[PDB]
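Take a look at this single chain, the form deposited in one PDB entry, given in structure tokens.
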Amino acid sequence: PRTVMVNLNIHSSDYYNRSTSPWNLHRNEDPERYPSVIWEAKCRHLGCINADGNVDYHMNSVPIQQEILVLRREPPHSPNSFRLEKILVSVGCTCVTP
């Protein structure tokens, strides 16, 4: 264990609507985790929006997955003690050539 003290008191999105692989945000909630709420990107379409403004299936919208560190309550249900943990979160969508 490398135990440290953390003080939790801390001292654009509408532009991504113009993406050829647009996404919406999905609420992910876990009361055993900090941050408990994580907004996860879900691609709106299987294809990408082409020059005509239409969904084109010759290209694919794919979620960008990132490794994210979160705090897991340790022991479970502990309000003040945690262990660092890695999870995968979707942070947006990009358009790929299959």
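The term rigid core refers to the most C-alpha atoms you can superpose between the two forms while keeping them within 1.5 Å. One rule holds for the numbers: they count along the sequence shown, beginning at 1. Shifts are known only where both forms have a C-alpha.
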query	finding
Missing coords for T20 in a third or more of other PDB entries	no
Missing residues, deposited sequence, between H11 and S12 (class: none, 1 to 3, 4 to 9, 10 or more)	10 or more
Of 12-20 and 85-93, the one with larger mean CA B-factor	12-20
Where the record places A51 (Cα B-factor, split into thirds across the chain)	middle
Cα B factor band for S61 (lowest, middle or highest third within the chain)	lowest
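There is also a form deposited in another entry; it is not shown, and the following applies to it.
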| item | value |
| --- | --- |
| Rigid-core frame, C-alpha of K86, shift of 2 angstroms or more between this form and the one not shown | no |
| Structural rearrangement between this form and the one not shown, runs of 3 or more with C-alpha shift of 2 angstroms or more, core superposed | 1-11, 74-81 |
